[PDB]
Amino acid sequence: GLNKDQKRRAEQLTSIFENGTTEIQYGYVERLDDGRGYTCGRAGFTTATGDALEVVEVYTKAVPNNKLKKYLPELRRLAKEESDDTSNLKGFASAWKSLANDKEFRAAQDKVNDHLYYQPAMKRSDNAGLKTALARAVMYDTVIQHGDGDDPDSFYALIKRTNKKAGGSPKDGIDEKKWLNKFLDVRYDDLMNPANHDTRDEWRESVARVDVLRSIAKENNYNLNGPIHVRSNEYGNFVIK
């Protein structure tokens, strides 16, 4: 996977793309009008998909009868219905934010992020024969935004479309740097014109992350060494140690 420094750098890149800061935002909650209900915490866990539900389940197992327990029935129904409804979540956004610096709540987010996003990203990277830290970091960011579902905008859909355009994966012998450039092209196209119309506005405004990642490739920094300087018209300027 990613070593300690590389994984941190990958996460600070994602943090810029999600929240405009290298400091991971565990307390973030916002309705983006992308069909996903509330988008929450470090991974943008959403109430329509079930992943915010998973955070609250994990937190509730660790800390019974916490301030978010009462939201489980509605979070469960929203996941079942794949629903954008936030009208039955009064107080949820404030309660989530109030736990931004809580050790157990952050740990629950880290656990769900590891299980739903980091480990699947590293597994699919292994399946594709990816060897570079930068390519693995791109996969990690991709699954966080696109999800690991079966839909045409999903992480694995992008991998398969890239493999077809490139004539194979790096495991098949395709040059990994060329493959990753094609992957970034495929992801850009998906963000500009996703199959899911609900997410068009938000994803079109996120395409700059593709160029930030490509700029790392163009510096030939495939090991994701630091410091990294991000210079983005959309996001601003950042240093990542």
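Residue indices: 1-based, along the sequence shown.
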Check your understanding: Per the entry, where is the mean C-alpha temperature factor higher: 131 to 139 or 77 to 85?
Key -> 131 to 139
Revision key, fill the gap. With B-factors read from the PDB entry, the higher C-alpha mean of 199 to 207 and 38 to 46 is in 199 to 207
Review point. Which listed residue, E57, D189, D51, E30, has the largest C-alpha temperature factor in the record?
Key: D189
Practice item. By the entry's C-alpha temperature factors, tell me which of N163, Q109, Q145, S94 sits highest. Key: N163
Review point. Is the Cα B-factor recorded for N181 in the lowest, middle or highest third of its chain?
Key: highest
Study note, to complete from the structure: Chain thirds by Cα B factor, record data; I174 belongs to the highest
Check your understanding: So where's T22 on the chain's Cα temperature factor ranking, which third?
Key -> middle
Study note, to complete from the structure: Of the three thirds of the chain ranked by Cα temperature factor, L158 occupies the highest
Study note, to complete from the structure: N193: CA B-factor among chain residues, third -> highest
